[PDB]
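Because the Cβ atoms are built from the backbone with ideal geometry, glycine has one as well, and the counts that use them run over all protein chains shown. Please treat every number below as a calculation from the coordinates, not as lab data.
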Amino acid sequence: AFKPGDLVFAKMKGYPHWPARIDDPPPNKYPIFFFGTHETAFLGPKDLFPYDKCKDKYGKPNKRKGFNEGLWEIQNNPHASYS
Amino acid sequence: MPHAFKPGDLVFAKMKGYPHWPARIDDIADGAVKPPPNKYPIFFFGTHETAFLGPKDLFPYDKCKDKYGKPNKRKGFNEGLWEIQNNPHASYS
Amino acid sequence: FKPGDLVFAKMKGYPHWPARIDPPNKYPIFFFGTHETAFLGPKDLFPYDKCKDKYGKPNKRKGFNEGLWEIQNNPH
């Protein structure tokens, strides 16, 4: 399963696969923290892609607000308090 | 003295082929598409459309309302006039 | 959508724009009139024959009306 601190790209409708982590929720959903925007959501595993596996496909800069900062955070300090 | 443009500033915005149009400097939601360098996201009242414009096309509302703040035949213009005067900071989406 | 398919393509800050099909689940888009290219997802794309009644109307934006002429008369 996914555990708190696992790094992912998380997919929501209308947005690119977004650098995120599992934070420490409805059944079979996880608390997601989105890097860059510092937003939260509850997502299921269908929308959760392991970071290391998928970073070559999903980890490329784009024009969305918060995305490029999100990429910096997941690479450089993924476990910090962003609150 | 004037500052640079910021989200929430009210303007008349000038697009080619259109009258100076009531508008605001929009905010950019988290996750949303950012403007190009030196451009602002402009939300046009009435039509509710967004374009990216530089300051050459942006006329401060308080200064220019006497000149441009007048009914126009164009689709959405008069609704735009109501919005800029009465609820310019509201959610229109 | 397939290479050559005619569409209206929507980018933030622009009207629905005559274009053709030429980064995960993005299509290469060629915009008529301006002759620029972008990558766009299927959500931003609208089949030309299906939606021309709606979006095939003149616009004062630079290159748009030239774009409309190309999509109807010389799309390839």
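Across the protein assembly as shown, counting alpha-carbon atoms alone, Rg and Dmax equal 21.3, 64 Å.
What longest range of chain B stays clear of loop-exposed trypsin sites (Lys or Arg not before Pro) (DSSP non-H/G/I/E/B, at most 10 other C-beta within 10 angstrom)?
On the way: sites that count: B:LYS16, B:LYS73, B:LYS75.
No qualifying site falls inside B:17-72, the longest such stretch.
Coupling constants for segment B:32-43 follow from the phi torsions by the Karplus curve (6.51 cos²θ - 1.76 cosθ + 1.60, θ = phi - 60°), and in residue order they are 7, 6, 7, x, x, x, 6, 10, 10, x, 10, 9 Hz; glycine and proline get x. Amide H contacts for A:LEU43 (H built 1.01 Å from N in the peptide plane; partners 5 or more residues away or on another chain; cut-off under 5 Å): A:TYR30, A:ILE32.
This ranking places C:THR34, A:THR40 by how few other beta-carbon atoms lie within 10 Å of each, fewest first, which gives A:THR40, C:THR34. Fewest-first ordering of A:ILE32, B:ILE25 by other beta carbons within 10 Å of each residue's beta carbon gives B:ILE25, A:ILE32. The string of couplings for segment B:79-85 from the Karplus curve (6.51, -1.76, 1.60, θ = phi - 60°) is 4, x, 4, 4, 5, 5, 7 Hz, one whole number per residue in order, with x for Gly and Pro. For the pair segment A:25-83 / segment C:11-61, the C-alpha centres are spaced 29 Å from each other.
In order along segment A:61-69, the Karplus-derived 3J(HN,Hα) couplings, from 6.51 cos²θ - 1.76 cosθ + 1.60 at θ = phi - 60°, round to x, 9, 8, 7, 4, x, 5, 5, 5 Hz, and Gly and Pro are given as x.
Can you give the direction-averaged projected area of the convex hull of the alpha-carbon atoms in chain A, in nm²?
Working: hull surface 20.9 nm².
Hull-based average projected area comes out at 5.2 nm².
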